[PDB]
Amino acid sequence: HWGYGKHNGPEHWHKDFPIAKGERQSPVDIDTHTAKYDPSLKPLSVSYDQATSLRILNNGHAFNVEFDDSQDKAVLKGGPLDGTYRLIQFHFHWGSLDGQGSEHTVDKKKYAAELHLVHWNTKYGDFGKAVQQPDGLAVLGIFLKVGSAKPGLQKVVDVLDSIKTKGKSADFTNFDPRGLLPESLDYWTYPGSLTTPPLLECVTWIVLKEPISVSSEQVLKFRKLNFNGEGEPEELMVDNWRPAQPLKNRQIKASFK
Ligand SMILES: NS(=O)(=O)/N=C1\NCc2ccccc2N1
Ligand SMILES: [Zn+2]
């Protein structure tokens, strides 16, 4: 099955998922000089005050923090979006070394990690129906650089020891995702895809310009997770990122001058 190794990684995915070579694949390099300010773009509305986290899961590719998405509890609106998108989960991609790990790049620069907050368009009723639609999903992407610790990340870091291997999960209620955001909501946006199989072309990407800083100790704990299941040979969960894909017939828009 698919993964991030030499024998099952991003260069192999197209054999099972031919859309891997499609017209709106993600991630992409964000060329900051070619991206154009769009004054028609609205401010992003990130409404996470009533978010209800459920659980954290090691799925063998990353770890996901899952949320209750049965009502409009944590939603994303505005910006390039029409209507309302409900938060279903977040996860990260990260590297084996601080100089790599992000999926999007900015003028070819790679960050140490990238946070993805995944949301689905409520007009389609459920996530499964949303991923059959060209405007089904909105993913808020946030870069991580290594510097001072991010206090709102520490609760995530301190539970990772309990989900070391694939298939393990733990209760993760009462987590506030507002603690993962930077100060500014300035962003770039473009139409793209899921960055993991099945690579579906359903996503409005919203990538924040301002990174968050996390400490070396925080990102080191990410790197102690395992891709494998319990009792199997240990393979550290590192370098779980897809590289930038061809931009093709797309334009990246900026919310800021
Ligand atoms: N890295 S990503 O673009 O959020 N990719 C994702 N997100 C959410 C998801 C749910 C189910 C199956 C695959 C994926 N892939
Ligand atoms: Zn992701």
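In listed order, ligands and their atoms are each counted from 1. The residues of the chain are indexed from 1 along the displayed sequence. Note: hydrogens, waters and symmetry copies are ignored here, and every other heavy atom, side chains too, is used.
Inspection of the environment of the Zn ion (ligand 2) yields the following protein N, O or S atoms under 2.8 Å: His91 NE2, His93 NE2, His116 ND1.
Under a 4.0 Å N-O distance rule, the pair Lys209/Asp186 qualifies as a salt bridge.
The side chain to side chain contact (heavy atoms under 4.5 Å, CB included) with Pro177 is formed by just one residue from the set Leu87, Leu115, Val65, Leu140; it is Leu87.
Smallest separation of non-hydrogen atoms from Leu76 and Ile206: CD2-CD1, 4.1 Å.
Ring-centre distance between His104 and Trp205: below the 6.0 Å cut-off. For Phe63 and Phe222, the ring centers are positioned less than 6.0 Å apart. For an aromatic pair to be called close, the ring centres must be under 6.0 Å apart, and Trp2 with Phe17 fails this. The distance between the ring centers of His116 and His93 falls below 6.0 angstrom. For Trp241 and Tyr111, the gap between ring centers reaches or exceeds 6.0 Å. Not less than 6.0 angstrom separates the ring centroid of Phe67 from the ring centroid of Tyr48.
Within 4.0 Å of ligand 1, the residues that place a heavy atom are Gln89, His91, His93, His116, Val118, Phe127, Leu194, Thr195, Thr196, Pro197, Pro198, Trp205, listed by chain and number.
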